[PDB]
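One-based numbering along the sequence shown. Below, all heavy atoms of this structure are taken into account, side chains as well, without hydrogens, waters or symmetry copies.
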Amino acid sequence: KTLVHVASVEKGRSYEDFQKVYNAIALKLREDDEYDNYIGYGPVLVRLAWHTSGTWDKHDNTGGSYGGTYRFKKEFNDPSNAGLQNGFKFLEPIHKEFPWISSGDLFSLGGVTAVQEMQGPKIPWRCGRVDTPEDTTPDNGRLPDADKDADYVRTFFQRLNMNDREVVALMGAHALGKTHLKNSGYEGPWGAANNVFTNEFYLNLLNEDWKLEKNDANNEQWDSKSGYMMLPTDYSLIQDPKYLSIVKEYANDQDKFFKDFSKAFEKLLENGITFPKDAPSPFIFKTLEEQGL
Ligand code: HEM
């Protein structure tokens with residue numbers, strides 16, 4: 001048994017309307033550049049898009065991006081989501097200016113906007129997520145643990161209908177931002193260019209000299225002398241021979257990584273949603289830079 005969630009376009013809206021929302025997000029990203037010691041809000045908005053989508057369960061179609069349920073306190077206060085309140089606060093003035101967009105559409109568009117504005121690939125995006133009631137909020141515990149191994153990771157993502165290539169591609173988002181000890185019990189960035197979307201995550205996995213250390217929360221993480229870290233689950237991508245081949249591919253082919261990430265990220269954001277056959281095609285938003293804005 002699975003619920004059906006049919007996409008329904010916000011009434012009367014079309015590409016131009018959502019490009020305006022895109023633009024407002026992008027301009028605020030530019031404006032509020034001081035966030036997180038000048039990393040900016042790009043990374044936390046990408047994380048917010050993933051965590052609001054990553055509760056999905058293919059078996060019964062519970063969770064997922066459609067209902068926008070992070071706005072309800074059970075999901076907002078998931079310990080897995082610690083730190084994401086910053087993303088939500090960023091989006092509040094956006095939602096205030098454009099109150100017609102659904103919460104799910106906003107959270108997922110925030111992630112697309114962030115990736116593109118950080119020079120990542122275009123991510124086609126579809127509208128029509130519809131807010132669902134508080135009792136549809138999925139319980140805590142559907143997001144993954146970081147202390148585990150490759151078998152955990154593989155098994156975890158089966159629940160989101162992601163294969164090895166999809167998983168390795170999605171994990172490349174760890175180029176962005178950092179772990180924060182008070183949020184997750186891990187500390188440090190994965191790389192140097194952490195508000196520009198690149199394939200740095202894979203290059204660092206393969207080329208840094210990693211040491212297994214304990215951080216100040218008494219948790220193990222892999223650290224390099226350049227001041228970078230990897231979670232146990234990140235490092236698992238080079239411990240497993242199947243993941244390791246894919247890491248090598250993306251480390252050696254920027255374009256391939258961009259294309260595969262774009263597909264997997266859109267899929268993650270669309271899991272659980274039925275698009276009517278007459279739905280609009282996916283939108284590909286222009287960046288501020290492409291618009292001369
Ligand atoms: C095994 C799967 C994953 C695990 C265990 C995991 C774990 C974590 C942890 C522990 C943090 C640090 C949070 C903090 O302390 O602030 C984090 C941050 C982050 N995650 Fe992942 N993650 C996974 C997959 C993903 C995926 C699939 C994406 C997106 C496609 C993603 C995007 C990010 C981003 C952008 C940040 C940085 C946020 C910031 O700097 O505020 N993660 N993740």
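- By the 4.5 Å heavy-atom criterion applied to side chains, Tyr152 and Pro144 are counted as neighbours.
- Aromatic rings from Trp125 and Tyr22 are positioned such that their centres are separated by 6.0 Å or more.
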* Which is it for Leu45 and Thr113 under the side-chain contact (heavy atoms from CB on, under 4.5 Å) test, yes or no, and what are the steps along the way? -> CA-CA 9 Å; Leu45 286 178; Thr113 300; over 6 Å; no

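- In this structure, the side chains of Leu181 and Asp216 come closer than 4.5 Å at one or more pairs of heavy atoms.
- A distance of 10.0 Å separates CD1 in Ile273 from SG in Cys127, rounded to the nearest 0.5 Å.
- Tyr66 and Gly128 get closest at one heavy-atom pair: CE1-O, 3.8 Å.
- By the 6.0 Å contact criterion, CD on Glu34 is enclosed, its count of non-hydrogen atoms from other residues, nucleotides or ligands being greater than 12.
- Within the 3.5 Å criterion, the main-chain N or O of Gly54 finds a donor-acceptor partner in the side chain of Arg159.
- No side-chain heavy atom of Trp190 sits under 4.5 Å from any side-chain heavy atom of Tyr228.
- Note: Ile25 CD1 to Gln116 CD = 11.0 Å, rounded to the nearest 0.5 Å.
- Distance NZ/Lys263 to CD/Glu166: 7.5 Å, rounded to 0.5 Å.
- Note: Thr198 OG1 to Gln254 CD = 7.0 Å, rounded to the nearest 0.5 Å.
- The two atoms that bring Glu75 and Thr52 nearest to each other are OE2-CA, 4.1 Å, heavy atoms only.
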* For the pair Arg129 and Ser102, evaluate side-chain hydrogen bond (donor to acceptor under 3.5 Å, both in side chains) and give the outcome as yes or no after the intermediate values. => CA-CA 6 Å; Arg129 298 172 186 74; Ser102 71; over 6 Å; no

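- Relative ring orientation between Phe258 and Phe197 is described as perpendicular, the plane-to-plane angle rising above 60° on a 0-90° scale split at 30° and 60°.
- Within the 3.5 Å criterion, the main-chain N or O of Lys248 finds a donor-acceptor partner in the side chain of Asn252.
- When atom types are taken as modelled, the side chain of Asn219 and the backbone of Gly185 share a donor-acceptor pair closer than 3.5 angstrom.
- Distance OG1/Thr274 to CG/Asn61: 7.5 Å, rounded to 0.5 Å.
- Here side chain to side chain donor-acceptor pair (under 3.5 Å) pairs that include residues 132-141, with residues two or more places apart or in two chains, are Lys74-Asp139, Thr132-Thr136.
- Side-chain contact between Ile101 and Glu10 is present, with at least one heavy-atom pair separated by less than 4.5 Å.
- Annotation for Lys286: atom NZ does not count as buried by contact number, only 12 or fewer foreign heavy atoms lying within 6.0 Å.
- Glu208 and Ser226 are linked by a side-chain donor-acceptor pair at a separation below 3.5 angstrom, with hydrogens and angles left out of the test.
- Note on ring orientation: taking the six-membered ring where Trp is involved, the planes of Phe157 and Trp50 are parallel (angle under 30°, cut-offs 30° and 60°).
- A 4.5 Å side-chain heavy-atom check between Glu290 and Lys122 finds at least one atom pair inside the cut-off.
- Between the side chain of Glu200 and the backbone N or O of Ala192 there is at least one donor-acceptor pair closer than 3.5 Å.
- With hydrogens and angles ignored, the 3.5 Å screen pairs no side-chain donor or acceptor of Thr62 with any backbone N or O of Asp57.
- At least one donor-acceptor pair under 3.5 Å links the side chain of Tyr202 to the backbone N or O of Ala169.
- Side-chain contact between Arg165 and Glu249 is present, with heavy atoms from C-beta onward closer than 4.5 Å.
- The minimum heavy-atom distance linking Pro121 with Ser262 is given by the pair CB-CB, 4.1 Å.
- Under a 3.5 Å cut-off, the side chain of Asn271 and the backbone N or O of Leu160 do form a donor-acceptor pair.
- At a threshold of 4.5 Å between non-hydrogen side-chain atoms, the residues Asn81 and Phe88 do not count as touching.
- In this structure, a donor-acceptor pair under 3.5 Å is absent between the side chains of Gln221 and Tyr235.
- Residues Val112 and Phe265 approach most closely at N-CE2, 4.2 Å, considering heavy atoms.
- With a 6.0 Å radius and a threshold of 12 heavy atoms from other residues, nucleotides or ligands, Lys256 has its NZ atom above the threshold.
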Residues 171-180 side chain polar contacts: donor-acceptor under 3.5 Å, at least two apart:
| unit_1 | atom_1 | unit_2 | atom_2 | d |
| --- | --- | --- | --- | --- |
| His174 | ND1 | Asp234 | OD1 | 2.8 |
| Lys178 | NZ | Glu187 | OE2 | 2.7 |
| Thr179 | OG1 | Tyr186 | O | 3.2 |
| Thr179 | OG1 | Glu187 | N | 3.1 |
| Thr179 | OG1 | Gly188 | N | 2.9 |
| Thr179 | OG1 | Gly188 | O | 3.1 |
| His180 | ND1 | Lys178 | O | 3.3 |
| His180 | NE2 | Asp36 | OD1 | 3.3 |
| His180 | NE2 | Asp36 | OD2 | 2.6 |

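- In terms of heavy-atom proximity, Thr2 sits nearest to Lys58 at CG2-O, 4.2 Å.
- Side chain of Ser108 to main chain of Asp105: a donor-acceptor pair is present (N/O by atom type, distance under 3.5 Å, no hydrogens or angles).
- Using a distance-only test at 3.5 Å, with no hydrogens or angles considered, no donor-acceptor pair links the side chain of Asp131 to the main chain of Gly68.
- Cation-pi check for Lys28 over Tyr41 is not met; the charged atom does not lie both under 6.0 angstrom from the ring centroid and within 45 degrees of its normal.
- Of all non-hydrogen atoms in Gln85 and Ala82, the two that sit nearest each other are OE1-C, 3.8 Å.
- Judged purely by atom type and a 3.5 angstrom limit, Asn215 uses its side chain to pair as donor or acceptor with the backbone of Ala217.
- With rounding to the nearest 0.5 angstrom, the OG atom of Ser80 is 6.5 Å from the NE2 atom of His51.
- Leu268 has its side chain out of reach of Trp56: every pair of non-hydrogen atoms, C-beta onward, lies at least 4.5 Å apart.
- Counted within 6.0 Å of CD on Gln158, heavy atoms from surrounding residues, nucleotides or ligands total more than 12; the atom is thus considered enclosed.
- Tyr243 carries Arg154 over the face of its six-membered ring, with the cationic atom under 6.0 Å from the centre and within 45° of the normal.
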